[PDB]
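Take a look at this single chain in structure tokens; it is the form deposited in one PDB entry.
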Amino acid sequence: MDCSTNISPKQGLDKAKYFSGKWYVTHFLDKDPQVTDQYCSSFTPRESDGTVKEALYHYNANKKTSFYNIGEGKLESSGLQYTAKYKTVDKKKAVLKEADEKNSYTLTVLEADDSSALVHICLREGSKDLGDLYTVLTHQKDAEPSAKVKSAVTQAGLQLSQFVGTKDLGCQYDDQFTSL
């Protein structure tokens, strides 16, 4: 199941509302039904003169394990969207493995406001796509997304009822890692 070819970023988004603070995934939709594990994630994206770099955390709620990454790439000219290469780091941001240039993720921002955002992520590992992933983001763990971001979900052709809510999963975060 490949990622969709019909994803595009929202025009006119203030990139300032996106590349701010830290984000927590409050709700996610993975289109591939062959997955079992559920995750929590938080990340801190930053941008300077067209270059994006972000510190990323995942917690596998089923296996009770976590992993850390640093992603980097360039903003597209055309809207709020980037394809990143990523390295694997430990919790103090020391590099464990440098980026495998055959892997990447493309992150497309569909909405962003002062409290909330909606993004699409297509993760590719060599030939293989992990399929569409949509994530509703908030700055405050277990907060509700804004009405604007909830509208963006519907306008993306999705239904919020179909997303997994992470606030109930028993997430463990590393707020040290995502702060600054």
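Take the two forms, find the largest set of C-alpha atoms that superpose within 1.5 Å, and that set is the rigid core. The numbering used is simple: start at 1 and walk along the sequence shown.
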On mean C-alpha B-factor from the PDB entry, just flag whether 131-139 or 61-69 is the higher one. 61-69
Between 6-14 and 19-27, the record assigns the higher mean Cα B factor to 6-14
Which of 74, 87, 92, 102 ranks first by CA B-factor in the deposited coordinates: 92
Per the deposited entry, the peak Cα B-factor within the set 151, 36, 42, 115 goes to 36
How does residue 32 rank on Cα B-factor within its chain, lowest, middle or highest third? highest
Splitting the chain's C-alpha B-factors into thirds, which one does residue 47 fall into? middle
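The protein also exists as the form deposited in another entry; that form is not presented, and the subsequent description refers to it.
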Taking the rigid core as the reference frame, is the Cα of residue 35 displaced by 2 Å or more between this form and the one not shown? yes
Where do residue 35 and residue 157 end up in the other entry, Cα atoms closer or farther than shown, with a change of 3 Å or more? farther
